[PDB]
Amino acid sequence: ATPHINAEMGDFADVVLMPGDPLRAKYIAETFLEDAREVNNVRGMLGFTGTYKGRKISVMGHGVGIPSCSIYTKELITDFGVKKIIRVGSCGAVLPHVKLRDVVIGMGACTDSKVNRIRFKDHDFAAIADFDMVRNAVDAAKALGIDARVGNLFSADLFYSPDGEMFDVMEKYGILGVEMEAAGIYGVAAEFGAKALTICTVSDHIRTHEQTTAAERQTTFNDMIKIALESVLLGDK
């Protein structure tokens, strides 16, 4: 057991999907996983383990922010033998052509956090996902009839940033989505020799304000989970 995970080696699959909303852990378990079992409840961060088409998979939230997800991803890697971590969440878009409900795959992740500089002797560490996982997610999406967008995400420490102009810089450099974990998870993965990938659906615009019915979300959300799960099966091949 670890400080934030009351479980033992083997309780988690070697692949773990992690939503930002804690409530989504249970939802994913009862909707996509078979024969699921609870493996953690520490601090209310419910963790589950089951199988998807025979493949063992676990699901558990990571909390909002690099600090929070750095804890869970780290403990899972070093103490529970986790090899892959797929973050499934939302993101705000700064580009005009990126619309709500669009699926973005963060091959890379910029950030204004200092965690990676702390790790890389104050130099620039390119926080990146595992290449194979990226391609697995892209193909999985294609197979479902979805055209995902692959590029850079921006992991912000402040949802309410005082530097509004930074969003302009993000757009100017091709940032596809703004979230709050990617860079941190990728940093942890590199630090402890694991693999990671972040998949997000555009929840809103950081310049205007589009609209998406309640159904659209729940539907696109299921689509994102399917992409993640099927990407794992492609990876196993």
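Heads up: residue numbers just count along the shown sequence, starting at 1.
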Inset, instruction - Decide which of the stretches 200-208 and 171-179 has the higher mean C-alpha B-factor, going by the entry. - result: 200-208
Legend entry - Entry-level comparison of average CA B-factors, 26-34 and 186-194, reporting the higher stretch: 26-34
Inset, instruction - Go through 132, 124, 112, 165 one by one and give the residue whose Cα B-factor in the PDB entry is largest. - result: 165
Legend entry - Selection by C-alpha B-factor (highest) of 146, 153, 76, 156: 146
Inset, instruction - Using the B-factor values recorded in the entry, state whether the Cα atom of residue 97 falls in the lowest, middle or highest third among the modelled residues of its chain. - result: highest
Legend entry - Among modelled residues of the same chain, the CA temperature factor third for residue 88: middle
Inset, instruction - Please rank the C-alpha B-factors of the chain's modelled residues and tell me whether residue 53 sits in the lowest, middle or highest third. - result: middle
Inset, instruction - Compare the C-alpha B factor of residue 103 with those of the other modelled residues in its chain, then answer lowest, middle or highest third. - result: highest
Legend entry - For residue 19, the third of its chain into which the C-alpha B factor falls: lowest
